[PDB]
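Undergrad: sequence first, structure after; it's an experimental one.
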Amino acid sequence: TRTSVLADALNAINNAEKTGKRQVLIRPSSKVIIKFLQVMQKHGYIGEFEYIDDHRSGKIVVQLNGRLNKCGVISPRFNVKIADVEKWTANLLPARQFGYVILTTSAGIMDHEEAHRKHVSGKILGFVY
Amino acid sequence: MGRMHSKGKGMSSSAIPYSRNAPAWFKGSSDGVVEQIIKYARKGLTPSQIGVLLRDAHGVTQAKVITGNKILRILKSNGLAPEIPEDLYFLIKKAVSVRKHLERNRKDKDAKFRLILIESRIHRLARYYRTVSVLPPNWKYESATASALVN
Amino acid sequence: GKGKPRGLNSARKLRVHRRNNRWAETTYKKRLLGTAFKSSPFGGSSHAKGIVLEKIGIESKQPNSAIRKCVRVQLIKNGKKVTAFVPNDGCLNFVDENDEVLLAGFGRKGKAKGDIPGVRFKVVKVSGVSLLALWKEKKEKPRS
RNA sequence: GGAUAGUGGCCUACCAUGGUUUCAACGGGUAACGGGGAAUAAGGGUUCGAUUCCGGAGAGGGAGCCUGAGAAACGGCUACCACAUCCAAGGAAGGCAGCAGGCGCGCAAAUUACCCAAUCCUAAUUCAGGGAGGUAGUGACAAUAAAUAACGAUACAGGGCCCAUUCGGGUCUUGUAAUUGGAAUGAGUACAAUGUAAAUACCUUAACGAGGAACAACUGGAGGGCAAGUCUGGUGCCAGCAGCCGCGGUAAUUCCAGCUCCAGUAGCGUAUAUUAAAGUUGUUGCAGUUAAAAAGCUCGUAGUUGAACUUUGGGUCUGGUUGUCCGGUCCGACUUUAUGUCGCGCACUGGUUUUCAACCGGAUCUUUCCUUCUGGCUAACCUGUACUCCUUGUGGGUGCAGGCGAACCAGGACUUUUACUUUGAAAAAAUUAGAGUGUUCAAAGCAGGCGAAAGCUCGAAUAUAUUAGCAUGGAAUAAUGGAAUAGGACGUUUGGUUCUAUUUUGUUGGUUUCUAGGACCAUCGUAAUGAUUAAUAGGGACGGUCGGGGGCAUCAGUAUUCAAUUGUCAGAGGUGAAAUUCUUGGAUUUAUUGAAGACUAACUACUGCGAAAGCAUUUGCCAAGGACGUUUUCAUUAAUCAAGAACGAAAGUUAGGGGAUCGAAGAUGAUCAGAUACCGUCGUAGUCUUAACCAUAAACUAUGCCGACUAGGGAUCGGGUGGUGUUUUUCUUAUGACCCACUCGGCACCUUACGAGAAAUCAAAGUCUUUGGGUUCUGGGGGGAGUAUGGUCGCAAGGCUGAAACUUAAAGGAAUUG
RNA sequence: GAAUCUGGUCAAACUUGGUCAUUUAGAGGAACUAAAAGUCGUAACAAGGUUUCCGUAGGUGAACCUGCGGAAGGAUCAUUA
RNA sequence: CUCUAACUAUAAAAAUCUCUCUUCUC
Ligand SMILES: [Mg+2]
Ligand SMILES: [Mg+2]
Ligand SMILES: [Mg+2]
Ligand SMILES: [Mg+2]
Ligand SMILES: [Mg+2]
Ligand SMILES: [Mg+2]
Ligand SMILES: [Mg+2]
Ligand SMILES: [Mg+2]
Ligand SMILES: [Mg+2]
Ligand SMILES: [Mg+2]
Ligand SMILES: [Mg+2]
Ligand SMILES: [Mg+2]
Ligand SMILES: [Mg+2]
Ligand SMILES: [Mg+2]
Ligand SMILES: [Mg+2]
Ligand SMILES: [Mg+2]
Ligand SMILES: [Mg+2]
Ligand SMILES: [Mg+2]
Ligand SMILES: [Mg+2]
Ligand SMILES: [Mg+2]
Ligand SMILES: [Mg+2]
Ligand SMILES: [Mg+2]
Ligand SMILES: [Mg+2]
Ligand SMILES: [Mg+2]
Ligand SMILES: [Mg+2]
Ligand SMILES: [Mg+2]
Ligand SMILES: [Mg+2]
Ligand SMILES: [Mg+2]
Ligand SMILES: [Mg+2]
Ligand SMILES: [Mg+2]
Ligand SMILES: [Mg+2]
Ligand SMILES: [Mg+2]
Ligand SMILES: [Mg+2]
Ligand SMILES: [Mg+2]
Ligand SMILES: [Mg+2]
Ligand SMILES: [Mg+2]
Ligand SMILES: [Mg+2]
Ligand SMILES: [Mg+2]
Ligand SMILES: [Mg+2]
Ligand SMILES: [Mg+2]
Ligand SMILES: [Mg+2]
Ligand SMILES: [Mg+2]
Ligand SMILES: [Mg+2]
Ligand SMILES: [Mg+2]
Ligand SMILES: [Mg+2]
Ligand SMILES: [Mg+2]
Ligand SMILES: [Mg+2]
Ligand SMILES: [Mg+2]
Ligand SMILES: [Mg+2]
Ligand SMILES: [Mg+2]
Ligand SMILES: [Mg+2]
Ligand SMILES: [Mg+2]
Ligand SMILES: [Mg+2]
Ligand SMILES: [Mg+2]
Ligand SMILES: [Mg+2]
Ligand SMILES: [Mg+2]
Ligand SMILES: [Mg+2]
């Protein structure tokens, strides 16, 4: 069964990036996937994606440009206190100069730097760099 | 492609058309379609057979597209919904049939295992229909109750 | 993806799985069962005194041909009997029969060291004085 | 009801039969007092916490009690048990887990010292008392700083050299020599004084106190790991060393010594325990094809996890924070000074609408609500009443009835509930962190600093604790609840009902009013009146199928072994070779046949069905099932699964049936040194079945299940689509059978690495240090050992669960060369 | 208002058996290790000279043999010859 | 750029083995 849909989306993105493609077809296309790809667009790790209405969960077509190197979900959406954000960035991101731990706060789904700017923190969604 | 109680992996299904609204070529009336559904139910037909009859002999693609309500919903609005849901009733019928085959010949073990599978499916569906309160909370499945409900 | 559960409410089975797996170790099993107190010649004791019963030497293993000069000592704290090894060239003669001797561990976590079979204990002191002081003639046996 | 100071099954009397539990109750163990904390340290953690503080308990083990406010007190009593003491044998007196000290125990822990100086405490209260406490004694538990020499002048030397006639001055320096000089200083003693309750001791300091400065530094090691010897002598697989690998057999870089050297150094070496190393406990973060490890398979409660969907946008105004451009302010190059100058492109403070760009908010308009009223209080001007202070100017007002309530109260009213997260109050001090501070530095301590010396002073900072509780802002993620019989939501509706009671008619008793206040009940209207999709998730209906899936009952085939009849006639079996065995009572073969039981050949394949075992003659019946087709139906019903269950090869066990073949045991005949093994001939049990057990297999794909994605090439099975396709023949067509293309599902297969592995290899064993889709089981070196014991199942066989003591430096996996 | 004394009550403790737990001997029995220069065979590693191994049953100085089902970890990935 | 053919077929017996393993740097 499909438990974590965002996991399937990010795995498809990773597989279609490693092989050198420029597009992905993500099937289930929830809110969280849309927000995740929107954050990636805002930070440039992704190109020009697309929602395809089916009246049944829709789908998404993602355009890439080879700029991304790895997505990935933290499947147990751990409650991340504002003190533990730095530990997650150290454990996940490869360098302090870039990378983004995408986490869902009460103020929406945001990158870790933006959440630290709002001085708000919530559960962790995934990581992109 | 799950096949709850076996190793099958098929996906043979039907793709509902994108357009929810009525097809352009359909000329029948929604009230007439509801009357047809009511008459078919009064004949003693379960909703699935009603839908198959409307799809084959008539231009009804599906009731929700034409009327706006589902077949079982339409029957319930008119008070013709059976006291046992159709899928659970068919599972009961299958289980009683396999139990009859078993009591007429003991040595068949494969049908014994299949009866175990059918009884597990019956229990799962009964639990679902019980948490939604379609069935009373005291509803359960034992021997000679399946025969009483079927007969 | 992995054998262990990953859900946010799966702390119980993770903890009990770790607790059940911890018995596969030897240090943890020894520490929790308390085998050292019950079965070992000393119960959690680094050193222990004893009385010399007899004065034996044991041959070594195959690749090493010699006879290591040991001594059988009955422990005073509980009454167990163990062989122990006197470590040096001329220290066998220093220890005499039926004198109190303070045995220590052999350094290999209660297991036979090197080529010496069925021994697990050194000899550090004899008749109140240490072997190392006798071997370099810094002190002498009181001979009581 | 009693007792309690008081609630309370705390106890009694009578009733009810209840309370906890797979979210581990109850029981057992703890070489367990709990905590603040300690060690350890990338992060996560692991271990310890008897002890300097807070709590609890105890005074040999038990009970009982007086006094008081407070004790079930024990340096208070009573009794029993255990242990004891003096005894004039009648009696009396005991409580160190207080400070000392003793015996014992054990590897393991201090002087019968001084004193109320300091901290305090008790009392009638300064004064008395305090083994609380402080001071000293022992004290290498740990911790801080740090002596064991420093510098010349000479002889033996080495490097930068003026060049290089060989030189060589040593021109320029740096070491080595029992040569050789002058200094400084403590470690010790010791006048004193300080210190202290009195004394030690420390700080200071007279007088002594260094030449081999004998005032003499050890502890381990010198093959590797691991820094330092293949120097000398001794012993010769002895003695011994060696944490591990190893050294020792007449030339030992390893044993015992001497020399030299190495490491730490007033410390170093050992033992046990423990932490990091241990990604060898793996939540971060381990492995399961073969190295240890996927339950034989399936169902299934609990547990864990679980598809998508319900306001997203915009425009304006406006508040802080930034980097903007520069204003004032001004400072660095100009040196005893500056401006004029060279600008760091402004070291302090603003215009910050200079466009800018954000980085956060706040209010506003959406059919866009943020709980709203009910009185306050009207804070405020949509109030307009008397009007205008002042330039004729809405800049600006004195101000009273409507009337703005989030600018705020204090009251009824309803509150979907959480999980989560921000902030705050809280989490005792000591400890950890950390600010200030010349204890001579430091460990530390909370001190100190500054006057002119004439009293003036800054301190004793902060943070963290990640759980539980309280408050608070947020609304993504995750869960629950609304309205389906409308018993749904609103209204000036319009009707009725128990009431309730402010005042009002003095007060009190009722009767109704009136007014206002909840609902129970009808009826009247307002409204867009109210049900998300139908997951390339699942269940179910239907359609034609498909299958060596399963049961029962029938059908056939030759074969085998016997038997009947018949035929001839010396051999036939069998083997590497023989023999045992059957045969002129005519065996072996030869023809018909008959009986029995088993089996289902050839078709038979990198083919099919099934959950796994397993399933192969025909036909009928019985029910079941996968796959495909489906504009059919329900709408999360699902995935994996402790507990529980169903099947489970062969073998084996009880009985009843059969009884052909083949064949455990057995009987022999061979082969051999032996052969009660392999070759051979007979041959019971068994094989074949109907009931009842058994639950184990190399039950293997040694690869758990569900889900997604990633790469090319053909075929093959089941289904379904299309072909202007080909043979079919029933004139044409419909089928069927093929051919081509596509698709779904299945057993599979070839190539390849661009991915993974220790590789053999894997299209999954990939998408794993760029580590997290859900979930179950198992493994932590080998052996002992899947053994014993204890359960549990079984008639029995045995199955499930399942260690330790001890021993060992390897066992093991893949591959390479021989 | 003392001795004494009635009924309770808290109840220590004693006797008597019963029960469980831990130590504790103990004739004898079955083992397992280490030591490898004893003895009888030579099972396995090659086709180990009967291919190997698993389950189950029987047998025997001993490793082991045999029967019935498996498995290749086989010595074959292969008969459209 | 055109094709589907040939074939066999032996198994006698053979047990066992003691020392001792020794550095690689320009
Ligand atoms: Mg010897
Ligand atoms: Mg204790
Ligand atoms: Mg403590
Ligand atoms: Mg503790
Ligand atoms: Mg203790
Ligand atoms: Mg205390
Ligand atoms: Mg007490
Ligand atoms: Mg005592
Ligand atoms: Mg008093
Ligand atoms: Mg007491
Ligand atoms: Mg006392
Ligand atoms: Mg006291
Ligand atoms: Mg007293
Ligand atoms: Mg004492
Ligand atoms: Mg004291
Ligand atoms: Mg000590
Ligand atoms: Mg001393
Ligand atoms: Mg000295
Ligand atoms: Mg030395
Ligand atoms: Mg040495
Ligand atoms: Mg030496
Ligand atoms: Mg070295
Ligand atoms: Mg030598
Ligand atoms: Mg491991
Ligand atoms: Mg193996
Ligand atoms: Mg294995
Ligand atoms: Mg398995
Ligand atoms: Mg469940
Ligand atoms: Mg969801
Ligand atoms: Mg504190
Ligand atoms: Mg500190
Ligand atoms: Mg009223
Ligand atoms: Mg669906
Ligand atoms: Mg067909
Ligand atoms: Mg026969
Ligand atoms: Mg004849
Ligand atoms: Mg056949
Ligand atoms: Mg077939
Ligand atoms: Mg189970
Ligand atoms: Mg059988
Ligand atoms: Mg029988
Ligand atoms: Mg035989
Ligand atoms: Mg014989
Ligand atoms: Mg035979
Ligand atoms: Mg025979
Ligand atoms: Mg098994
Ligand atoms: Mg297995
Ligand atoms: Mg092991
Ligand atoms: Mg084993
Ligand atoms: Mg047993
Ligand atoms: Mg190998
Ligand atoms: Mg009395
Ligand atoms: Mg022999
Ligand atoms: Mg052999
Ligand atoms: Mg042979
Ligand atoms: Mg042989
Ligand atoms: Mg063999």
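TA: Perfect, I can see it now. Residues are numbered from 1 along each chain as shown, chains lettered A, B, ... in the order given. Ligands and ions are numbered 1, 2, ... in the order given.
Undergrad: where exactly do the strands run in the chain?
TA: If you meant another chain, say so; for now it's chain A. A:23-26, A:50-52, A:59-63, A:100-105, A:108-110, A:123-128 (DSSP state E).
Undergrad: think we crossed wires, I meant chain C
TA: Counting by DSSP E, the segments of chain C that form strands are C:47-54, C:57-59, C:67-75, C:81-85, C:100-105, C:121-126, C:129-130.
Undergrad: reformat the strands of chain A as JSON lines; add mean neighbour count and distance to residue C:85.
TA: Backbone N, C-alpha and C define where each C-beta goes, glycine included. Below are the strands of chain A laid out as JSON lines (neighbours: other C-beta atoms under 10 Å in any protein chain shown; distance: least, C-beta to C-beta, whole Å):
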{"stretch": "strand A:23-26", "mean neighbour count": "18", "distance to residue C:85": "71"}
{"stretch": "strand A:50-52", "mean neighbour count": "13", "distance to residue C:85": "81"}
{"stretch": "strand A:59-63", "mean neighbour count": "17", "distance to residue C:85": "74"}
{"stretch": "strand A:100-105", "mean neighbour count": "22", "distance to residue C:85": "60"}
{"stretch": "strand A:108-110", "mean neighbour count": "19", "distance to residue C:85": "69"}
{"stretch": "strand A:123-128", "mean neighbour count": "23", "distance to residue C:85": "59"}
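Undergrad: for chain C, which of those is the nearest?
TA: strand A:123-128 (9.3 Å; C-beta to the nearest C-beta).
Undergrad: tell me which residues touch residue B:108, please.
TA: Shown in contact with residue B:108 (C-beta atoms under 8 Å, 6 or more residues apart in numbering or on different chains): B:101, B:102.
Undergrad: can you tell me if stretch A:74-84 touches RNA strand D.
TA: Yes - interface with RNA strand D: stretch A:74-84 contributes A:74, A:75, A:76, A:77, A:79, A:80, A:81, A:82, A:83 (C-beta under 7 Å from any atom of the strand).
Undergrad: wait, which of those is closest to residue B:110?
TA: The shortest gap between residue B:110 and any of the residues of stretch A:74-84 next to RNA strand D belongs to residue A:75, at 40.5 Å (C-beta to C-beta).
Undergrad: wait, isn't the closest one in contact with residue C:6?
TA: Yes - shown here, residue A:75 and residue C:6 form a contact pair, counting by C-beta atoms under 8 Å, at 6.0 Å.
Undergrad: quick one, which of the two is more surrounded?
TA: Shown here are residue A:75 and residue C:6; by other C-beta atoms under 10 Å in any protein chain shown, residue A:75 has more neighbours (16 against 12).
Undergrad: and the more buried one, its phi and psi?
TA: phi -60, psi -40 (degrees, to the nearest 10).
Undergrad: how much space separates it from chain B?
TA: With the distance defined as C-beta to the nearest C-beta, to the nearest Å, residue A:75 ends up 21 Å from chain B.
Undergrad: again with residue A:91
TA: Noted for residue A:91: a distance of 36 Å to chain B, by C-beta to the nearest C-beta.
Undergrad: let me see the contact set for that residue.
TA: No contacts exist for residue A:91 under C-beta under 8 Å, 6+ apart.
Undergrad: kindly provide the distance from it to residue A:78.
TA: The spacing between residue A:91 and residue A:78, counted by C-beta to C-beta, to the nearest Å, is 12 Å.
Undergrad: hmm, back to that, please spell out the PyMOL selection for the buried subset of the residues of stretch A:74-84 next to RNA strand D.
TA: In PyMOL syntax, the buried subset of the residues of stretch A:74-84 next to RNA strand D is picked out as below (16 or more other C-beta atoms under 10 Å in any protein chain shown):
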select buried, chain A and resi 74+75+77+80
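Undergrad: any idea which of the residues of stretch A:74-84 next to RNA strand D is the one closest to residue B:68?
TA: Nearest to residue B:68 among the residues of stretch A:74-84 next to RNA strand D is residue A:77, at 38.8 Å by C-beta to C-beta.
Undergrad: I figured that closest one hits residue A:126, correct?
TA: No - if you go by C-beta under 8 Å, residue A:77 and residue A:126 don't touch, sitting 9.3 Å apart.
Undergrad: now the residue lying closest to residue B:25 once chain neighbours are set aside: which helix or strand?
TA: Computed as C-beta to C-beta, 6 or more residues apart in numbering or on different chains, the closest residue to residue B:25 that is not its neighbour in sequence is residue B:59, at 7.3 Å. Using DSSP states H and E, residue B:59 maps to neither a helix nor a strand.
Undergrad: what about the residue of chain A found nearest RNA strand E, distance to chain C?
TA: As assessed by C-beta to the nearest atom of the strand, RNA strand E sits closest to residue A:19 within chain A, at 29.0 Å. Residue A:19 sits 21 Å away from chain C, going by C-beta to the nearest C-beta.
Undergrad: good, wrapping up.
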